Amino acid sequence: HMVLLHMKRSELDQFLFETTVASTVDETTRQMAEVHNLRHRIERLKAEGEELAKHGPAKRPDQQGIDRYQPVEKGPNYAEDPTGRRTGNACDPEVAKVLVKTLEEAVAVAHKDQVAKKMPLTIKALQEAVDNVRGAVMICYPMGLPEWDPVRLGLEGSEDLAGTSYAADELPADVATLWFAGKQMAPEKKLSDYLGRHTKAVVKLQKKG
């Protein structure tokens, strides 16, 4: 039948996942890595999405700097970014509360607290939460965001996490491995070959590097 897997990397990096106990390690590793990467995308969307809500679109990374120490185009809802990373020309505050709400919902869908609530995560639920944030983003900035905006990159899965503290979080499908009781399950074998056809199992995602 089915097995309930508990991917636990840390007390904040963990989720539950349900699948066929007859499925390959290879297929399970890829599905859970896609879930894992979606969770951490959602965490980053919330930090950047809230900055977008306060201060509008990102400046291009080579053009950062705090506005006062520079001619500036000030729109109706202008709010100077103290970090100099966004233009300051935020959306109207009434639609901004909608954007903040879809971000809070998305984080809740993927939060570690879901493990206590015995709720397994799926790729489709995480992708659906990301799609709602995209919809809110299009309401507040119907023009769309620039190509370099971390919010846009997060919604598209196109961020480059190289050189950040977040690179270790990312587990690309081609190097993701799955470990149980401190040993690597071989991708070719079936989950039953390690766990039997008979309750929850703690496992851990890792990357070859």
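One-based numbering along the sequence shown.
Enquirer: Residues without coordinates, deposited sequence, stretch from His198 to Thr199: is the count none, 1 to 3, 4 to 9, or 10 or more?
Expert: Unresolved stretch here: 1 to 3 residues.
Enquirer: How many residues that are in the deposited sequence but not in the model lie between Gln70 and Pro71: none, 1 to 3, 4 to 9, or 10 or more?
Expert: 1 to 3 residues lack coordinates between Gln70 and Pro71.
Enquirer: Higher average CA B factor in the deposited record is what I'm after, so tell me if that's 72-80 or 100-108.
Expert: The entry gives the higher C-alpha B-factor average to 72-80.
Enquirer: Reading the B-factor column of the entry, which of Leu155, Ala173, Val35, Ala47 has the highest value at its C-alpha atom?
Expert: Within the set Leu155, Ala173, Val35, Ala47, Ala173 shows the top C-alpha B-factor.
Enquirer: In terms of recorded Cα temperature factor, pick the maximum from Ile66, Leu178, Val151, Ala168.
Expert: The C-alpha B-factor peaks, among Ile66, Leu178, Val151, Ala168, at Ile66.
Enquirer: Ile139's Cα B-factor: lowest, middle or highest third of the chain?
Expert: Middle third - that is where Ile139 ends up once the chain's C-alpha B-factors are sorted.
Enquirer: C-alpha B factor of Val3, ranked within the chain: lowest, middle or highest third?
Expert: Highest third - that is where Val3 ends up once the chain's C-alpha B-factors are sorted.
Enquirer: For the chain shown, is the CA B-factor of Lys118 in the lowest, middle or highest third of its modelled residues?
Expert: It falls in the top third of the chain.
Enquirer: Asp26: which third of its chain by C-alpha temperature factor?
Expert: CA B-factor rank for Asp26: highest third.
Enquirer: Where does the C-alpha B-factor of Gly182 rank in its chain, lowest, middle or highest third?
Expert: Bottom third by C-alpha B-factor.
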